[PDB]
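As a plain string of letters, each chain reads:
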Number of protein chains: 6
Amino acid sequence: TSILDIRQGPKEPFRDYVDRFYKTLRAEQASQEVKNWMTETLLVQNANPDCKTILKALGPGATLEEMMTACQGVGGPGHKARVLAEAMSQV
Amino acid sequence: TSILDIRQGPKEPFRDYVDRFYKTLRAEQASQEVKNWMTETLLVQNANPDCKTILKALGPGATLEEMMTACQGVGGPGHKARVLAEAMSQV
Amino acid sequence: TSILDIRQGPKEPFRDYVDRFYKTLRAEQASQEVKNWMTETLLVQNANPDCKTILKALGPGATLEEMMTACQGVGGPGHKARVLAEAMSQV
Amino acid sequence: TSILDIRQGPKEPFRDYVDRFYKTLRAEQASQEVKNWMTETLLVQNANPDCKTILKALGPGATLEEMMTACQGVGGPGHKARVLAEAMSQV
Amino acid sequence: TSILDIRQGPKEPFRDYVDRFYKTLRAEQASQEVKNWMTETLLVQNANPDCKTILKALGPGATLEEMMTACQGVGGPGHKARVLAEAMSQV
Amino acid sequence: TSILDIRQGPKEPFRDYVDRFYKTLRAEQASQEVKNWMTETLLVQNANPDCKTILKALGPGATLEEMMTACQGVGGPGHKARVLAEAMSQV
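Residues numbered from 1 in each chain as written, not as in the entry; some residues may be left out. Chains lettered and ligands numbered in written order. Heavy atoms only, no water. Residues with missing side-chain atoms left out of burial classes, pairs and counts.

For this deposited structure, the header cites X-ray crystallography as the method used and 3.273 Å as the resolution.

Rendered as structure tokens:
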């Protein structure tokens, strides 16, 4: 197992994904600074398209609390509904 | 494990979430008053968007019975349907 | 575990819910009469919105056979479809 | 466990349900003739609304092969789609 | 257990179904030729309506590779979508 | 078990499929060059229709990172929505 191989599943909730990411990051043999930079880069890069969209909408400077609270809607009825309606409107 | 990390999954039923929340709260090392305040704040803050919407509509002064009885519709056929129709109407 | 904490899940089939309800009710320390009254009140009170709608439509005087046979449609394709269409008609 | 309590789940496939029905029926203490009559009556009576609709369309005189082969469409994409479209047409 | 009772589930993927079919066929006491004929007849006869539709569209002379590669779309988003749209067009 | 029998499930995420593909590929008795060629041909050939569509759109010269990052949208709300809308537009 490597930190680079941690990718969020398409139907995986964000909290689970970040949990696996941090579990694995606590194991990789690397300096703390490298672990922080890893956090900032990988954590956002390896999310699925929906969560990556929301986080891209948040911009920079957001904490984990803000991100996770922003993403726990994905897959919920309201999210699926809004996304579907927006998709039908686009096409 | 910490009480602050208990967040309701997007597809998780409310009863399960409150079950984990109270199971964990009985373990966190803190005074009884701090545990009650934790209940009031976290329990509502850490729910997913749908349940948070319904509970915000209930307002304050509601008991666990009133909240849970208010939220067990989420994910049910009627709930998903109503949410979908309202979403199509919005866009 | 207490009989008052037995609540039907949003996606839980009715037969399962009544199975848990009676399994738990056979354990609660209470007189037989109190257990019957418990049955009549809780069993209907703690169901989810869809089943509560159907049972409310049945009215009083219905047996468990009539109720369960009335509710095993919930979640089935026909049920979800009919409910969805009615929801679209409402909005 | 009793044969009268075997009911098909709303999302349960037919083959599984008949499997439970025959497994439990093989245990009930009763004469063989009573077990056959049980088969004919309960097996059709305790199915969910969709399968009961299809089997009601088949009528009497059908064997298990004809029924099961008639019902394995339930829940499949084609079934859910057709049912949904017919429901939209009704309303 | 008998080869005649192997039926594809409504939501079962084709690869799994053929896996059970061949696993069981390796157990049934019968000559190799009878097992081949069993393959040709049962394997296609006992599939669910969607897979039976696609395979019927393929016609005869197709190998297992062609069939399985033809059916792995069933249940996928694209399949369910196409089937749903065709269903709405039909009604 | 043989590498030729590794096929992506209809609802299986791509990362899982490639994980099984490489897990099995590390076991098949063959020279390394044959294993690379196996990778290039089978890995893309045995995917389901959606992933095969996206990867076919990518063309040649793409690495595993580009493919996997391209496919983790499959099954996500946005993907299913876009596919559904495009399907309704086609018909």
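Colleague: Is there a simple way to explain the overall build of chain A in this structure?
Modeller: The secondary structure content of chain A amounts to 5 helices and 0 strands. Order of helices (α) and strands (β) in chain A, N terminus to C terminus: α-α-α-α-α. Projecting the C-alpha coordinates of chain A onto the three principal axes gives extents of approximately 50 × 25 × 20 Å. Taking the contacts inside chain A whose residues are at least 6 apart along the sequence as the reference set, 43% of them involve residues at least 24 apart. (Helix = DSSP H or I, 4+ residues; strand = E, 2+ residues; numbered from the N terminus. Contact = heavy atoms within 4.5 Å.)

Colleague: Is there a simple way to explain the relation of the copies chain B and chain C in this structure?
Modeller: Mapping between the two chain copies consists of a rotation about an axis together with a translation along that axis. Rotating chain B by 60° about the axis while translating it 0.2 Å along that axis superimposes it on chain C, leaving an RMSD of 0.2 Å. Put plainly, the chains are arranged around a six-fold axis. If distances are taken from each C-alpha of chain B to the rotation axis, the shortest is found for B:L84, at 8.3 Å. Of all interface residues in chain B, a mere 19% are interface residues in chain C too; the two copies therefore contact each other through different surfaces. (Least-squares fit on C-alpha atoms.)

Colleague: Got a minute to help me understand the interface of chain F and chain E in this structure?
Modeller: Facing the 17 residues of chain F at the interface are 16 residues of chain E. At the level of elements, helix 3 (49-58) and helix 5 (77-90) of chain F are the ones that each hand at least two residues to the side of chain F that touches chain E. Here the side of chain F that touches chain E gets 5 residues from one element, more than from any other, and that element is helix 5 of chain F. Partitioning the side of chain F that touches chain E into residue classes produces 8 nonpolar, 5 polar and 4 charged. (Nonpolar A, V, L, I, M, F, W, Y, C, P; charged D, E, K, R; others polar.)

Colleague: What is the right way to look at the interface of chain B and chain C in this model?
Modeller: Interface size, as often reported, equals the accessible area lost upon joining of the parts. On the chain C side, the residues contacting the 16 residues of chain B number 19 residues. Elements with a contribution of two residues or more to the side of chain B that touches chain C: helix 4 (64-71) and helix 5 (77-90) of chain B. Considering only residue class, the side of chain B that touches chain C consists of 7 nonpolar, 6 polar and 3 charged.

Colleague: Please clarify how the packing of helix 3 (residues 49-58) of chain A against helix 4 (residues 64-71) of chain A should be interpreted in this entry.
Modeller: Two packed helices can be described by the angle between their axes and the distance between those axes. All names here are of chain A. Between helix 3 and helix 4, the shortest axis-to-axis distance is 10 Å and the interhelical angle comes to 130°. Comparing the axis directions of helix 3 and helix 4 gives the class oblique. Considering how the two elements wind past one another, helix 3 and helix 4 form a crossing that is right-handed. Together, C51, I54, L55 and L58 of helix 3 and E66, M67, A70 and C71 of helix 4 make up the contact between the two elements. (Axes fitted to C-alpha atoms, helices over the stretch in contact; angles between N-to-C directions. Parallel < 35°, antiparallel > 145°, perpendicular 65-115°, else oblique. Left-handed = near helix turned anticlockwise from the far one by under 90°.)

Colleague: Would you mind going over the packing of aromatic side chains with me for this structure?
Modeller: The way to describe two aromatic rings as a pair is by their centre distance and the angle between their planes. Ring centres of D:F14 and D:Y17 lie 6.0 Å apart, and the angle between their planes is 75°; this geometry places the pair in the edge-to-face category. Separated by 3 residues within a single helix, D:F14 and D:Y17 lie in helix 1 (residues 14-25), roughly one turn from each other. Here the aromatic cluster, defined as three or more aromatic residues joined through ring pairs, consists of A:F14, A:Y17, A:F21 and A:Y22. (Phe/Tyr/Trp six-rings, centres within 6.5 Å; stacked < 30°, edge-to-face > 60°.)

Colleague: So what exactly am I meant to see when it comes to the packing of helix 1 (residues 14-25) of chain F against helix 2 (residues 32-45) of chain F here?
Modeller: All names here are of chain F. Taken N-terminus to C-terminus, the directions of helix 1 and helix 2 make an angle of 155°; their axes are 11 Å apart at the nearest point. Judged by the angle between their axes, helix 1 and helix 2 are roughly antiparallel. Crossing hand, helix 1 versus helix 2: right-handed. Contacts from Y17, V18, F21, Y22 and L25 of helix 1 reach helix 2 at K35, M38, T39, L42 and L43.

Colleague: Would you mind showing me how to read the environment of E:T24 here?
Modeller: Note that E:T24 resides in helix 1 (residues 14-25). E:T24 sits 27 residues away from E:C51 along the chain, and the two C-alpha atoms are 20 Å apart.

Colleague: Please explain the environment of C:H79 as it appears in this structure.
Modeller: Its location among the elements puts C:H79 in helix 5 (residues 77-90). Those residues within four positions of C:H79 in sequence are excluded, and the remaining contacts are B:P77, C:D50, C:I54, C:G73 and C:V74. A polar atom in the side chain of C:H79 sits 3.5 Å from the backbone nitrogen of C:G75. (Polar contact = N/O pair within 3.5 Å; in protein donor to acceptor, adjacent residues only side chain to side chain.)

Colleague: Looking at this structure, how should I read the arrangement of the chains?
Modeller: As for chain F relative to chain C, no contact occurs, and the smallest C-alpha gap between them is 17 Å. Nothing in chain D touches chain F; the tightest C-alpha to C-alpha distance between them is still 13 Å.

Colleague: Would you take a moment to explain the relation of the copies chain F and chain E for this structure?
Modeller: Between the two copies, chain F and chain E, the superposition gives an RMSD of 0.1 Å; the rotation angle is 59° and the shift along the axis is 0.1 Å. Of all interface residues in chain F, a mere 12% are interface residues in chain E too; the two copies therefore contact each other through different surfaces.

Colleague: Where do I start with the environment of C:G75 in this structure?
Modeller: Of note, C:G75 is situated in the loop between helix 4 (64-71) and helix 5. Taking the C-alpha atoms as reference points, C:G75 and C:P10, 65 residues apart in sequence, are found 9.9 Å from one another. If near-sequence neighbours (up to four positions away) are discounted, C:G75 is found in contact with B:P77 and D:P10.

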